[PDB]
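Have a look at work-v3.pdb below; it lists PDB, C-alpha atoms.
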```
ATOM      1  CA  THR A   1      76.454  83.243  98.617
ATOM      2  CA  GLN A   2      77.785  86.579  97.351
ATOM      3  CA  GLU A   3      76.229  88.354 100.278
ATOM      4  CA  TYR A   4      77.839  85.870 102.627
ATOM      5  CA  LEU A   5      81.247  86.451 101.059
ATOM      6  CA  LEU A   6      80.863  90.236 100.990
ATOM      7  CA  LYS A   7      80.099  90.111 104.718
ATOM      8  CA  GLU A   8      83.177  88.010 105.270
ATOM      9  CA  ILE A   9      85.183  90.618 103.356
ATOM     10  CA  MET A  10      83.701  93.334 105.579
ATOM     11  CA  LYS A  11      84.982  91.392 108.608
ATOM     12  CA  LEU A  12      88.477  91.203 107.162
ATOM     13  CA  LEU A  13      88.424  94.928 106.426
ATOM     14  CA  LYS A  14      87.380  95.620 110.016
ATOM     15  CA  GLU A  15      90.282  93.529 111.239
ATOM     16  CA  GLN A  16      92.616  95.649 109.090
ATOM     17  CA  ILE A  17      91.150  98.841 110.533
ATOM     18  CA  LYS A  18      91.806  97.557 114.008
ATOM     19  CA  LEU A  19      95.433  96.826 113.084
ATOM     20  CA  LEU A  20      95.887 100.224 111.531
ATOM     21  CA  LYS A  21      94.647 101.832 114.762
ATOM     22  CA  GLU A  22      97.177  99.825 116.646
ATOM     23  CA  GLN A  23      99.917 101.042 114.339
ATOM     24  CA  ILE A  24      98.846 104.585 115.026
ATOM     25  CA  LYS A  25      99.060 103.937 118.709
ATOM     26  CA  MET A  26     102.604 102.660 118.303
ATOM     27  CA  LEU A  27     103.558 105.681 116.224
ATOM     28  CA  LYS A  28     102.239 107.798 119.070
ATOM     29  CA  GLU A  29     104.481 105.982 121.491
ATOM     30  CA  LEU A  30     107.432 106.625 119.160
ATOM     31  CA  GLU A  31     106.555 110.315 119.080
ATOM     32  CA  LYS A  32     106.571 110.461 122.838
ATOM     33  CA  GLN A  33     110.152 109.194 122.770
TER      34      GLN A  33
ATOM     35  CA  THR B   1      83.186  82.448  88.981
ATOM     36  CA  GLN B   2      82.207  85.526  90.950
ATOM     37  CA  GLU B   3      82.040  83.556  94.217
ATOM     38  CA  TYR B   4      85.419  82.019  93.377
ATOM     39  CA  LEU B   5      86.975  85.436  92.807
ATOM     40  CA  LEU B   6      85.501  86.905  95.993
ATOM     41  CA  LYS B   7      87.152  84.014  97.832
ATOM     42  CA  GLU B   8      90.482  84.837  96.130
ATOM     43  CA  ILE B   9      90.033  88.437  97.287
ATOM     44  CA  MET B  10      89.492  87.161 100.843
ATOM     45  CA  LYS B  11      92.788  85.295 100.645
ATOM     46  CA  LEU B  12      94.603  88.471  99.637
ATOM     47  CA  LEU B  13      93.034  90.413 102.483
ATOM     48  CA  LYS B  14      94.237  87.710 104.855
ATOM     49  CA  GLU B  15      97.772  88.165 103.517
ATOM     50  CA  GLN B  16      97.536  91.855 104.042
ATOM     51  CA  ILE B  17      96.390  91.279 107.644
ATOM     52  CA  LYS B  18      99.367  89.053 108.250
ATOM     53  CA  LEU B  19     101.633  91.777 106.902
ATOM     54  CA  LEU B  20     100.002  94.445 109.041
ATOM     55  CA  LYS B  21     100.717  92.286 112.070
ATOM     56  CA  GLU B  22     104.350  92.060 111.090
ATOM     57  CA  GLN B  23     104.517  95.836 110.837
ATOM     58  CA  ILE B  24     103.182  96.116 114.309
ATOM     59  CA  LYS B  25     105.856  93.751 115.551
ATOM     60  CA  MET B  26     108.522  95.820 113.919
ATOM     61  CA  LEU B  27     107.103  99.027 115.412
ATOM     62  CA  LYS B  28     107.313  97.388 118.808
ATOM     63  CA  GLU B  29     110.974  96.624 118.211
ATOM     64  CA  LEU B  30     111.517 100.318 117.336
ATOM     65  CA  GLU B  31     109.707 101.334 120.477
ATOM     66  CA  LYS B  32     112.043  99.162 122.552
ATOM     67  CA  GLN B  33     114.894 101.293 121.271
TER      68      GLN B  33
ATOM     69  CA  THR C   1      82.314  92.760  83.381
ATOM     70  CA  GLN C   2      82.053  91.756  87.005
ATOM     71  CA  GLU C   3      84.651  88.987  86.643
ATOM     72  CA  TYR C   4      86.952  91.434  84.848
ATOM     73  CA  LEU C   5      86.595  94.053  87.602
ATOM     74  CA  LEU C   6      87.076  91.543  90.419
ATOM     75  CA  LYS C   7      90.306  90.440  88.728
ATOM     76  CA  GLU C   8      91.370  94.107  88.461
ATOM     77  CA  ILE C   9      90.667  94.464  92.177
ATOM     78  CA  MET C  10      92.843  91.414  92.840
ATOM     79  CA  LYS C  11      95.660  93.138  90.930
ATOM     80  CA  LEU C  12      95.338  96.239  93.124
ATOM     81  CA  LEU C  13      95.366  94.142  96.299
ATOM     82  CA  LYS C  14      98.557  92.424  95.074
ATOM     83  CA  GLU C  15     100.146  95.830  94.518
ATOM     84  CA  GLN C  16      99.201  96.781  98.065
ATOM     85  CA  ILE C  17     100.744  93.574  99.417
ATOM     86  CA  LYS C  18     103.905  94.415  97.589
ATOM     87  CA  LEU C  19     103.984  97.839  99.168
ATOM     88  CA  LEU C  20     103.324  96.468 102.642
ATOM     89  CA  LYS C  21     106.284  94.141 102.201
ATOM     90  CA  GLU C  22     108.388  97.150 101.220
ATOM     91  CA  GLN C  23     107.234  98.986 104.373
ATOM     92  CA  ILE C  24     108.281  96.008 106.503
ATOM     93  CA  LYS C  25     111.693  96.010 104.881
ATOM     94  CA  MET C  26     112.080  99.743 105.626
ATOM     95  CA  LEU C  27     111.075  99.180 109.261
ATOM     96  CA  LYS C  28     113.820  96.546 109.477
ATOM     97  CA  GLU C  29     116.270  99.091 108.142
ATOM     98  CA  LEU C  30     115.189 101.538 110.825
ATOM     99  CA  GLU C  31     115.617  98.780 113.418
ATOM    100  CA  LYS C  32     119.220  98.273 112.331
ATOM    101  CA  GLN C  33     119.923 101.938 113.029
TER     102      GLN C  33
ATOM    103  CA  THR D   1      75.252  99.657  89.310
ATOM    104  CA  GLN D   2      77.393  96.673  90.298
ATOM    105  CA  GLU D   3      80.029  97.671  87.697
ATOM    106  CA  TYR D   4      79.860 101.291  88.826
ATOM    107  CA  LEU D   5      80.393 100.347  92.491
ATOM    108  CA  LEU D   6      83.260  97.953  91.765
ATOM    109  CA  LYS D   7      84.928 100.798  89.853
ATOM    110  CA  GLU D   8      84.411 103.131  92.840
ATOM    111  CA  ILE D   9      86.031 100.508  94.993
ATOM    112  CA  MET D  10      89.010 100.407  92.589
ATOM    113  CA  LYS D  11      89.347 104.173  92.925
ATOM    114  CA  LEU D  12      89.556 103.823  96.700
ATOM    115  CA  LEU D  13      92.109 101.034  96.423
ATOM    116  CA  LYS D  14      94.223 103.265  94.185
ATOM    117  CA  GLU D  15      94.060 105.998  96.736
ATOM    118  CA  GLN D  16      95.316 103.539  99.367
ATOM    119  CA  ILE D  17      98.159 102.580  97.061
ATOM    120  CA  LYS D  18      99.091 106.207  96.628
ATOM    121  CA  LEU D  19      99.154 106.646 100.416
ATOM    122  CA  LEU D  20     101.222 103.531 101.008
ATOM    123  CA  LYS D  21     103.814 104.868  98.551
ATOM    124  CA  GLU D  22     103.807 108.118 100.496
ATOM    125  CA  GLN D  23     104.482 106.213 103.754
ATOM    126  CA  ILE D  24     107.369 104.467 102.107
ATOM    127  CA  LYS D  25     108.857 107.727 101.024
ATOM    128  CA  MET D  26     108.561 108.959 104.597
ATOM    129  CA  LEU D  27     110.213 105.891 106.059
ATOM    130  CA  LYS D  28     113.031 106.533 103.603
ATOM    131  CA  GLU D  29     113.342 110.065 104.952
ATOM    132  CA  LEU D  30     113.496 108.650 108.487
ATOM    133  CA  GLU D  31     116.187 106.194 107.353
ATOM    134  CA  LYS D  32     118.313 109.100 106.230
ATOM    135  CA  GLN D  33     118.195 110.589 109.744
TER     136      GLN D  33
ATOM    137  CA  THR E   1      71.429  93.627  99.134
ATOM    138  CA  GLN E   2      74.647  93.356  97.135
ATOM    139  CA  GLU E   3      74.676  97.047  96.321
ATOM    140  CA  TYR E   4      74.231  97.796 100.013
ATOM    141  CA  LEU E   5      77.152  95.613 101.051
ATOM    142  CA  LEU E   6      79.421  97.059  98.357
ATOM    143  CA  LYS E   7      78.579 100.468  99.787
ATOM    144  CA  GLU E   8      79.368  99.295 103.278
ATOM    145  CA  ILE E   9      82.714  98.056 101.909
ATOM    146  CA  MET E  10      83.342 101.489 100.432
ATOM    147  CA  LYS E  11      82.777 103.036 103.888
ATOM    148  CA  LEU E  12      85.372 100.707 105.383
ATOM    149  CA  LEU E  13      87.890 101.507 102.690
ATOM    150  CA  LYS E  14      87.385 105.202 103.348
ATOM    151  CA  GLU E  15      88.022 104.619 106.984
ATOM    152  CA  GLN E  16      91.272 102.837 106.142
ATOM    153  CA  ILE E  17      92.274 105.792 103.975
ATOM    154  CA  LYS E  18      91.593 108.179 106.828
ATOM    155  CA  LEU E  19      93.815 106.064 109.096
ATOM    156  CA  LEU E  20      96.526 105.874 106.493
ATOM    157  CA  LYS E  21      96.489 109.663 106.321
ATOM    158  CA  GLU E  22      96.823 109.822 110.118
ATOM    159  CA  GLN E  23      99.820 107.531 109.911
ATOM    160  CA  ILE E  24     101.478 109.867 107.395
ATOM    161  CA  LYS E  25     100.825 112.810 109.704
ATOM    162  CA  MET E  26     102.567 110.936 112.507
ATOM    163  CA  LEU E  27     105.495 110.002 110.342
ATOM    164  CA  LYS E  28     105.921 113.665 109.493
ATOM    165  CA  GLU E  29     105.991 114.446 113.168
ATOM    166  CA  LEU E  30     108.670 111.803 113.644
ATOM    167  CA  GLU E  31     110.623 113.295 110.798
ATOM    168  CA  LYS E  32     110.628 116.644 112.622
ATOM    169  CA  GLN E  33     112.250 114.938 115.629
TER     170      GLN E  33
END
```

Please express what this file holds, its structure, as structure tokens.
Amino acid sequence: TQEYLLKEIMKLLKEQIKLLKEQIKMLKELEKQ
Amino acid sequence: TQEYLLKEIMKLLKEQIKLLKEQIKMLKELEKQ
Amino acid sequence: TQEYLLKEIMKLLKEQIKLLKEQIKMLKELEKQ
Amino acid sequence: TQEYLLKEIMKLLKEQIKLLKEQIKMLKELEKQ
Amino acid sequence: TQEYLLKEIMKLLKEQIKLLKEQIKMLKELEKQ
């Protein structure tokens, strides 16, 4: 069960990484303005 | 208890993800401007 | 020890959440401008 | 080793906290402009 | 297996930190504007 949960945590962390990348992309758009 | 706590950690990560999404929404509002 | 450290981790994640909420509030201030 | 690795994870979380505080300071600088 | 997953989690956290640093770099660029 701990392995299962640690893998679930890894998925959540990956989701956060994806969101952070999206923020960066938005910041880039703001810089272009 | 360790499984229980890992599940509590997952809940917190989910909150953070929700908050990251809200940041993105706000950045999009800034970009409109 | 593991229970103790997982609870410490939960404390750090709650601090992060707090900070993310503060970031959202600052983005709303920028939006007002 | 489990204790050691959870402590390493805490160090990384603290580094994230430090960075989030830095972002907040920056947003405050943007708010002044 | 658990040690391996904790290490994989550490790699994700490091990646988040790298992204957070990129965000700060972008904010500094915005501050120059």

task = I would like the residues chosen by the PyMOL selection byres ((chain B and resi 9) around 12) on the shown file; could you give them as an MDAnalysis selection string?
result = (chainID A and resid 5:6 8:10 12:13) or (chainID B and resid 2:8 10:16) or (chainID C and resid 3 5:14)

Residues selected by the PyMOL selection byres ((chain E and resi 32) around 12), written as a list in words = residues 31 of chain A; 26, 29, 30 and 33 of chain D; 25, 26, 27, 28, 29, 30, 31 and 33 of chain E

Can you move chain E onto chain D by a least-squares fit over all C-alpha atoms paired in order, then give me the moved copy as a PDB file with C-alpha atoms, keeping the file's coordinate frame?
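Writing the result to result_27.pdb gives the following:
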```pdb
ATOM      1  CA  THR E   1      75.078  99.596  89.232  1.00  0.00           C
ATOM      2  CA  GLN E   2      77.372  96.810  90.414  1.00  0.00           C
ATOM      3  CA  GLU E   3      79.975  97.578  87.783  1.00  0.00           C
ATOM      4  CA  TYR E   4      79.900 101.213  88.867  1.00  0.00           C
ATOM      5  CA  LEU E   5      80.455 100.381  92.524  1.00  0.00           C
ATOM      6  CA  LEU E   6      83.284  97.960  91.729  1.00  0.00           C
ATOM      7  CA  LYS E   7      84.901 100.817  89.832  1.00  0.00           C
ATOM      8  CA  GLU E   8      84.423 103.143  92.755  1.00  0.00           C
ATOM      9  CA  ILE E   9      86.103 100.477  94.917  1.00  0.00           C
ATOM     10  CA  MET E  10      89.012 100.391  92.490  1.00  0.00           C
ATOM     11  CA  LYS E  11      89.413 104.177  92.897  1.00  0.00           C
ATOM     12  CA  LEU E  12      89.598 103.778  96.665  1.00  0.00           C
ATOM     13  CA  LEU E  13      92.166 101.025  96.418  1.00  0.00           C
ATOM     14  CA  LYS E  14      94.279 103.229  94.177  1.00  0.00           C
ATOM     15  CA  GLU E  15      94.083 105.963  96.718  1.00  0.00           C
ATOM     16  CA  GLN E  16      95.285 103.564  99.410  1.00  0.00           C
ATOM     17  CA  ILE E  17      98.188 102.578  97.167  1.00  0.00           C
ATOM     18  CA  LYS E  18      99.121 106.212  96.693  1.00  0.00           C
ATOM     19  CA  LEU E  19      99.127 106.679 100.479  1.00  0.00           C
ATOM     20  CA  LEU E  20     101.152 103.550 101.000  1.00  0.00           C
ATOM     21  CA  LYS E  21     103.728 104.934  98.584  1.00  0.00           C
ATOM     22  CA  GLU E  22     103.808 108.194 100.564  1.00  0.00           C
ATOM     23  CA  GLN E  23     104.433 106.216 103.721  1.00  0.00           C
ATOM     24  CA  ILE E  24     107.414 104.486 102.091  1.00  0.00           C
ATOM     25  CA  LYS E  25     108.787 107.863 101.028  1.00  0.00           C
ATOM     26  CA  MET E  26     108.571 109.032 104.633  1.00  0.00           C
ATOM     27  CA  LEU E  27     110.213 105.921 105.957  1.00  0.00           C
ATOM     28  CA  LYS E  28     113.088 106.531 103.573  1.00  0.00           C
ATOM     29  CA  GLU E  29     113.410 110.013 104.949  1.00  0.00           C
ATOM     30  CA  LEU E  30     113.514 108.579 108.459  1.00  0.00           C
ATOM     31  CA  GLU E  31     116.156 106.137 107.365  1.00  0.00           C
ATOM     32  CA  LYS E  32     118.319 109.064 106.225  1.00  0.00           C
ATOM     33  CA  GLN E  33     118.116 110.512 109.753  1.00  0.00           C
TER      34      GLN E  33
END
```

request  = In Å, rounded to a single decimal, give me how far CA of residue 18 (chain A) is from CA of residue 23 (chain B).
outcome  = 13.2 Å

query = Mind pulling up the distance from CA of residue 24 (chain D) to CA of residue 19 (chain E)?
reply =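 The value is 15.3 Å.
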
query = Interatomic distance between CA of residue 20 (chain B) and CA of residue 20 (chain A)?
reply =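 So the two atoms, CA of residue 20 (chain B) and CA of residue 20 (chain A), lie 7.5 Å apart.
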
Need the axis-aligned box for region 1-11 of chain D with 4 Å each side, so what are the centre and edges in Å to one decimal, as AutoDock Vina command-line options?
```
--center_x 82.3 --center_y 100.4 --center_z 91.3 --size_x 22.1 --size_y 15.5 --size_z 15.3
```

File for chain A (N, CA and C atoms), as a PDB file, in the first residue's frame:
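Just written: decode_6.pdb:
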```pdb
ATOM      1  N   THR A   1       0.813  -1.220   0.000  1.00  0.00           N
ATOM      2  CA  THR A   1       0.000   0.000   0.000  1.00  0.00           C
ATOM      3  C   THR A   1       0.841   1.262   0.000  1.00  0.00           C
ATOM      4  N   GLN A   2       1.914   1.340   0.726  1.00  0.00           N
ATOM      5  CA  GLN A   2       2.765   2.531   0.680  1.00  0.00           C
ATOM      6  C   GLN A   2       3.313   2.806  -0.696  1.00  0.00           C
ATOM      7  N   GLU A   3       3.705   1.801  -1.404  1.00  0.00           N
ATOM      8  CA  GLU A   3       4.156   1.995  -2.772  1.00  0.00           C
ATOM      9  C   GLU A   3       3.074   2.578  -3.672  1.00  0.00           C
ATOM     10  N   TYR A   4       1.876   2.045  -3.506  1.00  0.00           N
ATOM     11  CA  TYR A   4       0.714   2.543  -4.233  1.00  0.00           C
ATOM     12  C   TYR A   4       0.526   4.043  -3.986  1.00  0.00           C
ATOM     13  N   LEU A   5       0.564   4.424  -2.717  1.00  0.00           N
ATOM     14  CA  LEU A   5       0.322   5.805  -2.331  1.00  0.00           C
ATOM     15  C   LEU A   5       1.458   6.713  -2.781  1.00  0.00           C
ATOM     16  N   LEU A   6       2.698   6.241  -2.678  1.00  0.00           N
ATOM     17  CA  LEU A   6       3.830   7.020  -3.166  1.00  0.00           C
ATOM     18  C   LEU A   6       3.723   7.262  -4.673  1.00  0.00           C
ATOM     19  N   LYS A   7       3.274   6.279  -5.419  1.00  0.00           N
ATOM     20  CA  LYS A   7       3.024   6.457  -6.845  1.00  0.00           C
ATOM     21  C   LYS A   7       1.905   7.448  -7.133  1.00  0.00           C
ATOM     22  N   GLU A   8       0.896   7.425  -6.292  1.00  0.00           N
ATOM     23  CA  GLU A   8      -0.171   8.411  -6.436  1.00  0.00           C
ATOM     24  C   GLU A   8       0.373   9.835  -6.179  1.00  0.00           C
ATOM     25  N   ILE A   9       1.220   9.952  -5.162  1.00  0.00           N
ATOM     26  CA  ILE A   9       1.862  11.220  -4.867  1.00  0.00           C
ATOM     27  C   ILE A   9       2.730  11.678  -6.067  1.00  0.00           C
ATOM     28  N   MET A  10       3.448  10.768  -6.664  1.00  0.00           N
ATOM     29  CA  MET A  10       4.242  11.107  -7.839  1.00  0.00           C
ATOM     30  C   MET A  10       3.314  11.668  -8.955  1.00  0.00           C
ATOM     31  N   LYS A  11       2.143  11.048  -9.118  1.00  0.00           N
ATOM     32  CA  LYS A  11       1.226  11.615 -10.126  1.00  0.00           C
ATOM     33  C   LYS A  11       0.793  13.059  -9.809  1.00  0.00           C
ATOM     34  N   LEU A  12       0.512  13.303  -8.547  1.00  0.00           N
ATOM     35  CA  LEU A  12       0.089  14.643  -8.156  1.00  0.00           C
ATOM     36  C   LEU A  12       1.242  15.663  -8.382  1.00  0.00           C
ATOM     37  N   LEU A  13       2.445  15.244  -8.049  1.00  0.00           N
ATOM     38  CA  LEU A  13       3.592  16.101  -8.285  1.00  0.00           C
ATOM     39  C   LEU A  13       3.771  16.392  -9.785  1.00  0.00           C
ATOM     40  N   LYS A  14       3.543  15.397 -10.621  1.00  0.00           N
ATOM     41  CA  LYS A  14       3.652  15.615 -12.056  1.00  0.00           C
ATOM     42  C   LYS A  14       2.595  16.607 -12.567  1.00  0.00           C
ATOM     43  N   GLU A  15       1.413  16.488 -12.009  1.00  0.00           N
ATOM     44  CA  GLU A  15       0.357  17.446 -12.323  1.00  0.00           C
ATOM     45  C   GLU A  15       0.822  18.854 -11.921  1.00  0.00           C
ATOM     46  N   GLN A  16       1.432  18.999 -10.767  1.00  0.00           N
ATOM     47  CA  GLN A  16       1.894  20.340 -10.369  1.00  0.00           C
ATOM     48  C   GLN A  16       2.946  20.867 -11.335  1.00  0.00           C
ATOM     49  N   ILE A  17       3.843  20.008 -11.758  1.00  0.00           N
ATOM     50  CA  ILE A  17       4.895  20.401 -12.693  1.00  0.00           C
ATOM     51  C   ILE A  17       4.267  20.917 -14.000  1.00  0.00           C
ATOM     52  N   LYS A  18       3.262  20.195 -14.445  1.00  0.00           N
ATOM     53  CA  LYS A  18       2.583  20.635 -15.652  1.00  0.00           C
ATOM     54  C   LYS A  18       1.957  22.057 -15.488  1.00  0.00           C
ATOM     55  N   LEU A  19       1.353  22.267 -14.335  1.00  0.00           N
ATOM     56  CA  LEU A  19       0.777  23.584 -14.044  1.00  0.00           C
ATOM     57  C   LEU A  19       1.811  24.685 -13.934  1.00  0.00           C
ATOM     58  N   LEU A  20       2.940  24.337 -13.325  1.00  0.00           N
ATOM     59  CA  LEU A  20       4.013  25.327 -13.236  1.00  0.00           C
ATOM     60  C   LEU A  20       4.517  25.746 -14.641  1.00  0.00           C
ATOM     61  N   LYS A  21       4.619  24.755 -15.525  1.00  0.00           N
ATOM     62  CA  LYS A  21       5.054  25.025 -16.895  1.00  0.00           C
ATOM     63  C   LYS A  21       4.051  25.951 -17.583  1.00  0.00           C
ATOM     64  N   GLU A  22       2.806  25.727 -17.333  1.00  0.00           N
ATOM     65  CA  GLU A  22       1.800  26.585 -17.874  1.00  0.00           C
ATOM     66  C   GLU A  22       1.919  28.012 -17.313  1.00  0.00           C
ATOM     67  N   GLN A  23       2.210  28.139 -16.037  1.00  0.00           N
ATOM     68  CA  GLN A  23       2.424  29.467 -15.504  1.00  0.00           C
ATOM     69  C   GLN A  23       3.580  30.155 -16.229  1.00  0.00           C
ATOM     70  N   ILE A  24       4.640  29.403 -16.470  1.00  0.00           N
ATOM     71  CA  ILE A  24       5.784  29.995 -17.119  1.00  0.00           C
ATOM     72  C   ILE A  24       5.403  30.513 -18.510  1.00  0.00           C
ATOM     73  N   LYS A  25       4.605  29.704 -19.170  1.00  0.00           N
ATOM     74  CA  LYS A  25       4.149  30.101 -20.487  1.00  0.00           C
ATOM     75  C   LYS A  25       3.332  31.410 -20.443  1.00  0.00           C
ATOM     76  N   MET A  26       2.507  31.546 -19.433  1.00  0.00           N
ATOM     77  CA  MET A  26       1.756  32.773 -19.269  1.00  0.00           C
ATOM     78  C   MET A  26       2.664  33.981 -18.943  1.00  0.00           C
ATOM     79  N   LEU A  27       3.658  33.730 -18.118  1.00  0.00           N
ATOM     80  CA  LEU A  27       4.604  34.789 -17.794  1.00  0.00           C
ATOM     81  C   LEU A  27       5.334  35.248 -19.049  1.00  0.00           C
ATOM     82  N   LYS A  28       5.606  34.295 -19.935  1.00  0.00           N
ATOM     83  CA  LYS A  28       6.227  34.607 -21.207  1.00  0.00           C
ATOM     84  C   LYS A  28       5.341  35.478 -22.077  1.00  0.00           C
ATOM     85  N   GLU A  29       4.074  35.167 -22.078  1.00  0.00           N
ATOM     86  CA  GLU A  29       3.112  36.010 -22.790  1.00  0.00           C
ATOM     87  C   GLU A  29       3.067  37.422 -22.198  1.00  0.00           C
ATOM     88  N   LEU A  30       3.122  37.525 -20.873  1.00  0.00           N
ATOM     89  CA  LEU A  30       3.154  38.846 -20.237  1.00  0.00           C
ATOM     90  C   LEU A  30       4.423  39.607 -20.602  1.00  0.00           C
ATOM     91  N   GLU A  31       5.542  38.905 -20.714  1.00  0.00           N
ATOM     92  CA  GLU A  31       6.772  39.573 -21.116  1.00  0.00           C
ATOM     93  C   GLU A  31       6.685  40.107 -22.533  1.00  0.00           C
ATOM     94  N   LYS A  32       6.020  39.351 -23.387  1.00  0.00           N
ATOM     95  CA  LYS A  32       5.895  39.832 -24.764  1.00  0.00           C
ATOM     96  C   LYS A  32       5.087  41.119 -24.849  1.00  0.00           C
ATOM     97  N   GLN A  33       4.179  41.319 -23.898  1.00  0.00           N
ATOM     98  CA  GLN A  33       3.406  42.558 -23.867  1.00  0.00           C
ATOM     99  C   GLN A  33       4.265  43.684 -23.299  1.00  0.00           C
TER     100      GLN A  33
END
```
